[PDB]
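Both counts, for ligands and for their atoms, begin at 1 and track the order of listing. Residue numbers begin at 1 in each chain, while the letters A, B, ... track the order of the sequences. Keep in mind that the numbers below use all heavy atoms, side chains included, and drop hydrogens, waters and symmetry copies.
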Amino acid sequence: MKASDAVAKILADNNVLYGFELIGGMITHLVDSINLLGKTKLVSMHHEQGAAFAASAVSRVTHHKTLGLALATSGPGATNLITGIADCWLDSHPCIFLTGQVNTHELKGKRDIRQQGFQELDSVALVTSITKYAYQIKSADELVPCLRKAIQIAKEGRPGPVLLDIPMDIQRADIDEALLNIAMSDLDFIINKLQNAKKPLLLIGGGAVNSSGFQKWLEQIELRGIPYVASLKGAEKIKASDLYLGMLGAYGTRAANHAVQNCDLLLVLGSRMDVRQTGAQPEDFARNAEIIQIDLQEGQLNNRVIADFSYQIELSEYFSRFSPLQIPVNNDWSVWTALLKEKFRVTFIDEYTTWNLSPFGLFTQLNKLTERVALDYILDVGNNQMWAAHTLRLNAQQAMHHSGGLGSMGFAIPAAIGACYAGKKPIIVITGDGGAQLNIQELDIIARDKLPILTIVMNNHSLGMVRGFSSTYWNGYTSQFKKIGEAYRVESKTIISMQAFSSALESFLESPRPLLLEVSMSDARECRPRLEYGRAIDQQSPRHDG
Amino acid sequence: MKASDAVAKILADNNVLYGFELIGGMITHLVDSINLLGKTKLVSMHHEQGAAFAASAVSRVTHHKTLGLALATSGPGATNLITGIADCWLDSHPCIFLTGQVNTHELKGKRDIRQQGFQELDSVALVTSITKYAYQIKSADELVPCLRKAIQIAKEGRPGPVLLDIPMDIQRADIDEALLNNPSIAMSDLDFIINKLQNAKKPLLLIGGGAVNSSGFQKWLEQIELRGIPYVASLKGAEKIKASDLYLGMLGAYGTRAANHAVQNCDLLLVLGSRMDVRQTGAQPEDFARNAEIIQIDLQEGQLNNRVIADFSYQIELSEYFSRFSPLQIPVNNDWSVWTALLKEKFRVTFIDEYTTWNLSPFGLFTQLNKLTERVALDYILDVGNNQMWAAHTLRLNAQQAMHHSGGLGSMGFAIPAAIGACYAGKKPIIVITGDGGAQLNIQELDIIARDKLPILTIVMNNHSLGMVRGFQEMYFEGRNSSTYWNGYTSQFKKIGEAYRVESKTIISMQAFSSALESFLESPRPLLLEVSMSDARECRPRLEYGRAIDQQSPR
Ligand SMILES: Cc1cc2nc3c(=O)[nH]c(=O)nc-3n(C[C@H](O)[C@H](O)[C@H](O)COP(=O)(O)OP(=O)(O)OC[C@H]3O[C@@H](n4cnc5c(N)ncnc54)[C@H](O)[C@@H]3O)c2cc1C
Ligand SMILES: Cc1cc2nc3c(=O)[nH]c(=O)nc-3n(C[C@H](O)[C@H](O)[C@H](O)COP(=O)(O)OP(=O)(O)OC[C@H]3O[C@@H](n4cnc5c(N)ncnc54)[C@H](O)[C@@H]3O)c2cc1C
Ligand SMILES: Cc1ncc(C[n+]2csc(CCOP(=O)(O)OP(=O)(O)O)c2C)c(N)n1
Ligand SMILES: Cc1ncc(C[n+]2csc(CCOP(=O)(O)OP(=O)(O)O)c2C)c(N)n1
Ligand SMILES: [Mg+2]
Ligand SMILES: [Mg+2]
C-alpha cells in the first residue's frame, strides 16, 4: 500500500477526523490520500497559522475526544504553523501536525550549507522545544509505527502537540499492509480533610476539565454542596451554577477571589497556580486555608504555591478512584455556600455603568439570550478576552475557548472554523480590533463554507490591555471591520447601542449564518475588576467592590 | 544609563535605522527608549510576521548598507517572527530581531514545567537553527557586548539574521555608560582565473546572490561590461542587475531561454556567489554548462563542490575578490564580439510573448512595467507563485530599480509587508506584485499602507487559483485540484483594498492597466489593482523536470 494511503488510514482509525491545510508540493500526496479515503474532513485555509489554530480547536471543542490535524509544506508552511503548535503546547491540547519535506536524497544532511533542496527547512529543529514528540521519518518502514506512537503521545497524560516531518519520497513509497494490520491512604487523607473543613473550596484547573469523568465527578461535588472556582482553563468547561463562583485571579470575579482567600481548605485539581491565578504574592494564596494540590507533573507541584499536601495523580484516575459521595454529608457547609452565593449576588454586577456600552451588559445579554442554545464562544487576547472570561456564565451545552498560556492574538477567528467543523454547532467569536487583524483573511473561509460563526469585534480603537499599562493608540484611527466583513462576503453590521446588539444577536440565534458585528467601544479600555500594585487577589481595583 | 536606552543608542550607532513592531508588555521599555532617542524609526504593524518581513526589506532595499529591526514580545510575538527570520536566513540578508522576555526570576529555567511566567517561551530554542547568532541575556553586563557582537555577526561574511532575547528586568537595569563608550587569497589563483577568462572564446558570468550586495559589485560589473563579457544571474543575483545587452536575464527552470542558451554554450563559466541549486541547474547538474570549464567562487566551503562540481573552486569573499581583481586587467579577446552579438540576437528572438492566446499576457504586463517606469526610481516586491516567476523572467530593471524575492524559503505573504519596509528605508515608491493566494496571508498590512500614506502600488494578479501547485496537481494527480481551485470562487481584492481605505481598481484590459500605472507614477500613493487573470495558470518558459536547462517547455 502507498505510504500516504497508510497515513490516511491511520489518522482516521485514531480519531483524527478534521484537518486544515494550505497546500504545497510536498504535501500533495498526503492531501490526496486523505481526501480519497474521505474519513478525515480536510479544509483549505489561507494561512498555515490559521490552519494550525483551526486544527487546535478540534480537540478543544470536543473536550479531547477527537483530534485535529494541520498539514503544511516544508519551509514557510512549517514556520507558519508555529504559533498554533506553541498554543497547543502551553494549554496542553492534543493536535497532530504533519509537514511534508523534500526528498530524502535532497536533504542537506550534515553538509555546511543553509539548505540543499528547494524550500528545505528542518521543521523538527524548529518545534522540538514546543512539542511532546517531533521526528523526521528516515525510512518508509518507520512511518506507520512512528505515526501511531505520535498520536498516542499527543493524547496521553498531559496532552499536547506532536509533529512528523515526512519526506516526499517516503510519502510515495510502499509500506507492508500485513504489518500495518495511587495510595488508598492518600485518597482517604484527602477525604478526611474535606470532611472536617468548615469552608471547603475547589480550584478546578485545566488538567481536570478535559479528563474523562470530570462532569460526572463534579455532579457529585454539587450533591455534597461543595463550592468551587476555576482558572481560565478550567472555566472554559464549567456550566453556571450557584456553587460555581467563576474564574479566580487577576481578572477573576470578586466573589471567586473572596472564596479563595476565606476558605479553610482549598483542593486544587490540575492548576499551575501561575501568576495570573495568584497575583504577585503566591505566599498569600488561600491565606486561611490548608492547600492540597493534585497534578500529574511533579514539576508543577511545589512550584509557585507550595501546597500543604501534594499528590502526583493523573486526574481521570483520581475521578474513577474517588467518588465525592464518599465524603460524609455535612450541613455546616450550607452557611458557607449561602455566604458565597450572597457575595456573588452583590459583587457580580456592572462596574462600567458610566461607559456608553458596558462589557458586563454585553456579556450578560449573551448569557441571557443564548440560555437555550448549544454554542461555543472563542475568545481572542486583550481586555475583550478578560471581559468575557469574567462575565460569561455558560449554559448547559456551551463552552468557551482561550489561548491561556501563550495568549496569542489572532487565535479566535481561525479557531472558530475548527470549532464549528468539529463541534457541529454555532460559534460566537469575540475579538478586539487589534486581534481581529492578524488572521482577518480567514473570514473568507467562513463565507466560502457558509459557517454559522458570529464574529463580534469589540472595537475600542486601541491595543487596550497594553495601552492601559504611541504603539497602542493612533488618535482614534481604526480599520472599518464592518466593511472588511462585507468585502469578504460576510453579512456585517455596525453596532452602536445595546438595542442594536440585542437585535443582531437575536437574528443570529434565529438563523445562524456568517455574521460580523463591529461594536463601537472607544471608551472601553480597561477591565474591572483587575489586580494592581502587587496586591492580594481579594484586593482588586477599583477598590472595595468599586 | 538605563539598559533599554543603551540598546537604542547601540542600534542607531550601527546603522539599524528602521524597526517594525507589534507591541507587548515585555517590549515597552525597548520601544519607549527607541522612540525617545528618535534615530531609529519604529513603525507599528498588525502582525509580527509582517513586522519581520518589513524589517528584512530594510537591508534588501539598501543593498545591505542599512539594517532593519523587528521587535516582539515573548511567546506569540516571537513565534510570529519565525517565517521572516527563516527568509533572512535562507536568502542571507542581515536583520536584527529583539524579543522581550519575562523577568529573569520568572523564567522556568530547568524546571520540568512547560512555562513559568505569563507568556514565557524560549525564543532562542525556536530560532537557533535559522540564525547566525541567538542568545538570551543572563546579566545586564552582557547586553552591550552581546548586542554589538550580534549586529557584527549579522552583517559579516555571508549575512543573516540574529536574535537577542532580553528579560524585562535586564531592560530596566543600569549599565556602565563609560564602558559603552570605551583562508588567504593566492595571487596565483587570481592570475589563473584571469588567464582562463582571457583565453576563453565564449566567456560567461553567473552572478549570484553572494555577489550583488557585496561592496564594490556595481563598479566591478561596469568594468566587465567595458571588456564586453556577457552574464546571466540567479534569481537572487537578478534582483540587483540593470537591464543591458550583455545581461541575458535569469537562468534556470523559469529563466530566459537566452540565459539558459548562454550557459549551455559558453566555454568558460565564472560563478560568483551562487549555490547552483536545483532551480538554477534543473535535475541534471552533471549537464550544467556542458561545453564549459566552470570556476566557482564562494565564501563557504560547503557551497563549493556541492551539486555542481566546478573544474576550479576558490574560497574567496566576494567584496575582497572585487577589489583584488579589476576586470580591466583582462586582455580583450577578439572572438568575444561575435559571441556577445550571437547572444544579443538569441535574446532578441526568444525574449518574446509566449502567451499570445491568453486574455492578458504576463509578458505584456511586465514589458509595460519596464517601459512605463523607465525614468522612475522604484523597486518591485514579488510574492510566491506563477506570478513571481512571470516577474522574475520578464522584469528588465531600469537604472535605480531593484526587485526583491523570497528565493530560498519562497514564503507566500512576503510581498505586501516587505513593501512597507522597502518603502520606509528606500524612500522611494514600491510596486508589489502578488497572487491571489499570497495576497491573503498578510492582507491586514494594507491598513498600514493606508494609515502611513505610503506610495505603494499593490498589483494582485488574480487567476482564481493557487496556480503553481494547481499545475502540479493537473499533471501528476489527474486533475484532482480541490486544494488549489474552488470552481472560480475568489475574494474581492478591489473591495478588500477599499475596506482598508486604499484606492482600488479592477483591471480587465491592457489599457486599464496602463492607465492605472500612469496614474500611480504621476502621483505615487496607496493604490491596489486587481488584475483579472483566470486563464493565466502557468509559466512559459518552464522546465519539465529531468530535462536540461536549454530544453524548456513549451518546446
Ligand atoms: C490576557 C490574559 C489574562 C489572563 N488572566 C487570567 C486570570 O485572571 N485568571 C486565570 O485563571 N487565568 C488567566 N489567564 C490564563 C493563564 O495565563 C493560564 O493560561 C491559566 O490560568 C492556567 O490554567 P491552569 O493552570 O488551570 O491550566 P493549564 O495551564 O492547562 O495547567 C494544567 C495543569 O494541570 C496539570 N495536568 C494536566 N493534565 C492533567 C491530568 N490529566 N492529570 C493531572 N494533572 C494534569 C498540568 O501538569 C498543569 O500543572 C490569562 C491569560 C491571558 C492571555
Ligand atoms: C517559485 C520559485 C521559483 C524559482 N525559480 C528559480 C529559477 O528559475 N532560477 C533561479 O535562479 N532561482 C529560482 N528560484 C530561487 C532559488 O530557489 C534560489 O533562491 C536561488 O537560485 C539562489 O540564488 P543564489 O545561489 O545566487 O543566492 P543565495 O541563495 O543567496 O546563495 C548565495 C551563495 O553565495 C555565497 N555567498 C554569500 N555571500 C558571499 C560573499 N560575500 N562572498 C562570497 N560568497 C558569498 C553563499 O555561500 C552561497 O553559496 C526560485 C524560487 C522560487 C520561490
Ligand atoms: C501575537 C501577539 N502579539 C502581541 C500580544 C500582546 N498583547 C496582549 S493584549 C494586546 C492588545 C490587544 O488589543 P485588542 O485586540 O484590540 O484588544 P483590547 O485589549 O483592546 O480589547 C497585545 C498587543 C499578543 N498577546 N499576541
Ligand atoms: C506560506 C506558503 N505556503 C505554501 C506555499 C506553497 N506554494 C507555492 S506557490 C503556491 C500557490 C501560489 O498561489 P498564488 O499566490 O495565487 O499565485 P499563482 O501561482 O496562482 O500566481 C503555494 C501554495 C508557499 N510557497 N508558501
Ligand atoms: Mg482594542
Ligand atoms: Mg493565483
Where the closest heavy atom to [atom] is concerned, which of [options] has it?
{"atom": "atom 44 (N) of ligand 1", "options": "A/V381, A/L296, A/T278", "answer": "A/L296"}
{"atom": "atom 40 (C) of ligand 1", "options": "A/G207, A/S271, A/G205", "answer": "A/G207"}
{"atom": "atom 8 (O) of ligand 1", "options": "A/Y318, A/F411, A/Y251", "answer": "A/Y251"}
{"atom": "atom 16 (O) of ligand 4", "options": "B/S483, B/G385, B/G437, A/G25", "answer": "B/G437"}
{"atom": "atom 3 (C) of ligand 1", "options": "A/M386, A/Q297, A/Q293, A/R158", "answer": "A/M386"}

For this session: Within a distance under 4.0 Å of any heavy atom of A/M465, pick out the atoms of ligand 1 and give their elements.
Result: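 It comes down to these atoms of ligand 1: 1 (C).
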
Exercise. Short N/O distance, under 3.5 Å, between B/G467 and ligand 4?
Worked result: yes

Problem set entry | Check: B/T83/A/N80 side-chain N/O donor and acceptor closer than 3.5 Å | yes

Exercise. Is there a donor-acceptor contact under 3.5 Å linking the side chains of B/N442 and B/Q49?
Worked result: yes

Measure the distances from the heavy atoms of [X] to every atom of ligand 4 and state whether one is below 4.0 angstrom.
{"X": "A/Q119", "value": "yes"}
{"X": "B/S465", "value": "yes"}
{"X": "A/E48", "value": "yes"}

For [X], atoms of ligand 4 separated by under 4.0 Å from a heavy atom:
{"X": "B/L466", "value": "11 (C), 13 (O), 20 (O)"}
{"X": "B/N387", "value": "17 (O), 18 (P), 21 (O)"}
{"X": "B/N463", "value": "18 (P), 20 (O), 21 (O)"}
{"X": "A/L22", "value": "3 (N)"}
{"X": "B/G438", "value": "15 (O)"}
{"X": "A/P76", "value": "1 (C), 2 (C), 26 (N)"}
{"X": "A/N80", "value": "1 (C)"}

Nearest protein heavy-atom contact for [atom]: which residue, which atom, what distance?
{"atom": "atom 29 (O) of ligand 1", "answer": "A/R272 NE, 2.8 Å"}
{"atom": "atom 11 (O) of ligand 1", "answer": "A/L232 N, 3.0 Å"}
{"atom": "atom 48 (C) of ligand 1", "answer": "A/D295 OD2, 3.5 Å"}
{"atom": "atom 13 (C) of ligand 1", "answer": "A/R276 CB, 3.6 Å"}
{"atom": "atom 52 (C) of ligand 1", "answer": "B/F118 CE1, 3.5 Å"}
{"atom": "atom 41 (N) of ligand 1", "answer": "A/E314 OE2, 2.9 Å"}
{"atom": "atom 26 (O) of ligand 1", "answer": "A/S231 OG, 2.5 Å"}
{"atom": "atom 19 (O) of ligand 1", "answer": "A/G404 C, 2.9 Å"}

Exercise. What orientation do B/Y355 and B/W390 show, parallel under 30°, tilted 30 to 60°, or perpendicular over 60°?
Worked result: perpendicular

For this session: Check the angle between the aromatic planes of A/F214 and A/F319 and answer parallel, tilted or perpendicular using the 30° and 60° thresholds.
Result: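 Rings of A/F214 and A/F319: tilted, as their planes differ by 30° to 60°.
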
For this session: May I ask you to say whether A/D91 pairs ionically with A/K233, meaning some side-chain N is under 4.0 Å from a carboxylate O?
Result: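 Yes, this pair counts.
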
Exercise. Got a salt bridge between A/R60 and A/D87, using NZ or NE/NH1/NH2 to carboxylate O under 4.0 Å?
Worked result: yes

Contact check, side chains of [X] and [Y], non-hydrogen atoms, under 4.5 Å:
{"X": "B/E120", "Y": "A/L90", "answer": "no"}
{"X": "B/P76", "Y": "B/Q119", "answer": "yes"}
{"X": "A/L296", "Y": "A/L315", "answer": "no"}

Problem set entry | Trace of the side chain to side chain donor-acceptor pair (under 3.5 Å) decision for A/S123 with A/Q101 | CA-CA 9 Å; A/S123 51; A/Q101 182 60 268; 4.9 Å; no

For this session: Could you tell me whether A/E298 atom CD has more than 12 heavy atoms of other residues or ligands within 6.0 Å of it?
Result: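 Counting neighbours around CD of A/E298, 12 or fewer heavy atoms of other residues, nucleotides or ligands fall under 6.0 Å, so no.
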
Counting only heavy atoms, which portion of [X] has something under 4.0 Å from ligand 1: side chain, backbone, both, or neither?
{"X": "A/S211", "answer": "side chain"}
{"X": "A/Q300", "answer": "side chain"}
{"X": "A/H402", "answer": "neither"}
{"X": "A/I313", "answer": "backbone"}
{"X": "B/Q119", "answer": "neither"}

For this session: Answer yes or no as to whether an N/O/S atom of A/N460 is found below 2.8 Å from the Mg ion (ligand 5).
Result: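 Yes - counting backbone and side chain alike, A/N460 has an N, O or S atom under 2.8 Å.
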
For this session: Kindly confirm whether the Mg ion (ligand 5) is within less than 2.8 Å of some N/O/S atom in A/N383?
Result: no

Exercise. Is there a donor-acceptor pair closer than 3.5 Å between any side-chain N or O of A/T478 and the backbone N or O of A/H461?
Worked result: no

For this session: Specify the closest pair of heavy atoms between A/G435 and A/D380, including all atoms of both residues, with the distance to one decimal.
Result: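 What the structure gives for the nearest pair is CA-OD2, 3.4 Å.
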
Please determine if [X] has a nitrogen or oxygen closer than 3.5 Å to a nitrogen or oxygen of ligand 1.
{"X": "A/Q277", "value": "yes"}
{"X": "A/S403", "value": "no"}
{"X": "A/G405", "value": "yes"}
{"X": "A/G270", "value": "yes"}

Exercise. How wide is the angle at the Mg ion (ligand 5) between O of A/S462 and OD1 of A/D433, to the nearest 10°?
Worked result: 100°

